[PDB]
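Here you get one chain, nothing else, as structure tokens; it is the form deposited in one PDB entry.
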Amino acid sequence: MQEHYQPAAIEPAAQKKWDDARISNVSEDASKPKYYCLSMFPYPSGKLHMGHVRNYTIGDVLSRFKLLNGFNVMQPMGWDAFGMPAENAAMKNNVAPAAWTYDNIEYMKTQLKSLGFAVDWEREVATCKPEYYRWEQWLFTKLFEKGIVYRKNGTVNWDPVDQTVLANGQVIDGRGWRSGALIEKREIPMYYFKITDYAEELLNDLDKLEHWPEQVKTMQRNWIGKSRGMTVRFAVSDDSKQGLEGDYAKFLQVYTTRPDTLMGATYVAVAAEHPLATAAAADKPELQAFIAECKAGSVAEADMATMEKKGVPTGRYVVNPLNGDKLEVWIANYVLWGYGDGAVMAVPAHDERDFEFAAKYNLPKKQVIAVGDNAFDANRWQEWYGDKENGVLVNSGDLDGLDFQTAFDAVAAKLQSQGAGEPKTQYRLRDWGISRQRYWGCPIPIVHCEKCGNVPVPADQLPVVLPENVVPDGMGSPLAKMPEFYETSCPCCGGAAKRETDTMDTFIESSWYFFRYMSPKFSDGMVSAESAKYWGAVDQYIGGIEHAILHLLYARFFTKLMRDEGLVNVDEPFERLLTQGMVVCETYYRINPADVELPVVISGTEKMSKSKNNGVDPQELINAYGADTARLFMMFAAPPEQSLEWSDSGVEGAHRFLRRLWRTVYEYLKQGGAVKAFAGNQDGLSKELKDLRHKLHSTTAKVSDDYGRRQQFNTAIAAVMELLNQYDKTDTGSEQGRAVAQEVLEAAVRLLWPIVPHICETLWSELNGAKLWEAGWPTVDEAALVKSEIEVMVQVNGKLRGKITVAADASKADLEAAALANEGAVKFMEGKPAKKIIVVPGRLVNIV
């Protein structure tokens, strides 16, 4: 064995050993328990950074742990390759997005290999390849004919100067980011997934996820935004029907989640596009201007929560169906047309938005809810005003005294009796628009025939192959300018027709890739039945909380869709979820910290990202210190959920520990060579060696619990460090001493193998001749945890009367019980009770 730690030499050697043994190339092995550990696959932007290293090292720690415990572990890697970063680099370097993508994959795959993750590279997928995306095209056509996917007009942001559709993130103050031109709102046909049809399933199945973080489930529930409310119709007053037709002439319909406060409604509000708004503004210019200012804005909830709530009265009136009050209709900029009925009632006394609105315009505020003896003040808002749990109704006639649900059900029956309303469940969830007017993306498998309409491409003709010899300019999708792509024949009638030129939302690729990994070479479906039956669901998922809403929702949606098609038989894709904390680093601009000395503007610390160029290139870290030093630093610096600060100090400390680990095994082997590890009964071992074995097996239990249950890797390393500390303070030079040292070192290297497998694989082979993965995860020797028993003297009134042998973990009650049961004590007690039993643990028990 070489004396000094040489990561640059041993890490490639260890990787070749693992590759030649095919330890990570797994099949559907019914002879082993499966374990599917998945890390969120990355965008091939060019090169990874320490954040990506942290993510994938975490996934590899869990994978290797389960591997050592005999699981058949699948840990697949792949590339989320479609998207805008390629197009922007395409128009910047004048290269095809595909070519820029595949070269990025090349460099990043070698970066990944050099870190030594235990990854089945035979299951690698790249989502921009037709062999992958043909199956989401397949699923699209299947759902399209069932109407789960449908086509309808929707609104987009059109830039008249760049001639491109832009997202809400590229429009700033109503203008394009790279043009500064006023953005038009165009209605264009687009394709949607009817995810609202699955809202109840998507919400309720969250309760199955007993091993998900509660905040992630909470975020899913709020995004879906289910409410149980009341449709309530207000009959239009006789003097306010001018210009209204249809149902709008006879009633105004609203949705509310607080029908228990319908008796406290003081005004009503409609959206600017509401027919009441249009009819009342036909002769009032001020209302036209307010309607125009309303449509001149985005319905973005981000902009609306800070938006100044404004409104104008209309002079029209409707009638509350419960108490007969005539209520004035207002046009309000907070009422959104297309959500519910486009109209709402207002109860300022119990809704904070309605309170501030009615405070600005001095509208009535009528209390209908009381929470105990709390005083109601119509000129201040308290939190208990909107209390839905501890309130009872007042000023409500029949309904006085009821709680929320009792008044709800009571109002429900009354409205249905008068035909003036009924209960209704609504959801904030909108359908999933998947059309993108971009080139680098999955083509939508639709053909437009002037006779047949929107026709899906037959399965035999899939994939619709995206042409890769394209260099986008940015003035519109190149597909719409390539007749050799869009000109085709109609698959229904054979006539001249045009392919759809929009491509799919790139979230679609990441909504099912975890299944494609189960059989990534299957050419008869999305995923083979046999492989789906074997791998079931993802056992462990690891990725940042930035993707905890849409991605997860979409992946869960697709899972149910694929299940309903008979492709899989699980309800939920991911059983456990781990959200790693972000890695941060001090920033510099005028720039990478490696191209900087310790002039440019030195600033503070923030997340590692290509935006500020604050990302430490791991390849420079590996060339400098080694893969194991990189992995150890990440796992040791902080709990995986906590944020991780880059530190040259932390890198050096980790490297010194690997040198210490190497030196420890080398100095042990040079003093006598390898021996059989201690095993069996430890009676006869010295106190110091019994204590070391206690430290050893206590450490094994602690690291096993930290990997498997708590998923805290920094404390697991600290526990092995303490074991080594006690090892260093123990005389292990005797025959029994060497045997225990062998046992300690054989366990330490296996306990650390998931975190630093290169050095541990090498050290193990110097200690033991068996395959490390065959030797398995270290077992706990429970006998090594039992400490010796103590002899306690029993005294009756201070006189020595007997002796008891107690455990080293006996309580004060066990010492009292054993002392009262001793024969010498029971004889000197003369049947008389004890006023006190003074107990000195380990010394004496005095019975008085």
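We number the residues from 1 along the sequence you see. Basically, rigid core = biggest C-alpha set you can superpose within 1.5 Å across the two forms.
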Relative to the deposited sequence, how many residues with no modelled coordinates occur between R590 and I591 (none, 1 to 3, 4 to 9, 10 or more)?
4 to 9
I want to verify a possible break: how many residues of the deposited sequence sit between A375 and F376 without any coordinates (none, 1 to 3, 4 to 9, 10 or more)?
none
472-480 versus 697-705 - greater average Cα B-factor per the deposited record
472-480
Quick note on 404-412 and 213-221: per-entry mean CA temperature factor is higher in 404-412
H49, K34, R64, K803, ranked by C-alpha B-factor: the highest one:
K803
Highest Cα B-factor in the deposition, which of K194, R178, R233, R353?
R178
For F633, the third of its chain by CA B-factor is the middle
Can you work out whether the C-alpha temperature factor of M40 puts it in the lowest, middle or highest third of the chain?
lowest
In terms of its chain's C-alpha B-factors, the third that includes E645 is the middle
Just say lowest, middle or highest third for the CA B-factor of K424 relative to the other modelled residues in its chain.
middle
Split the chain's modelled residues into thirds by Cα B-factor; is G59 in the lowest, middle or highest one?
lowest
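The same protein also has a form deposited in another entry, omitted here; what follows describes it.
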Which one moved? Candidates are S298, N88, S531, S698, criterion is a Cα shift of 2 Å or more between this form and the one not shown after superposing on the core.
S298
Align on the rigid core first; then say whether the Cα of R660 has moved by at least 2 Å between this form and the one not shown.
no
Threshold 2 Å Cα movement between this form and the one not shown for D197, core superposed:
no
Examine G147 after superposing the rigid core and state whether its CA is displaced by 2 Å or more between this form and the one not shown.
no
Cα-Cα trend for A302 and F507, given that in that other deposited form the distance shifts by 3 Å or more
closer
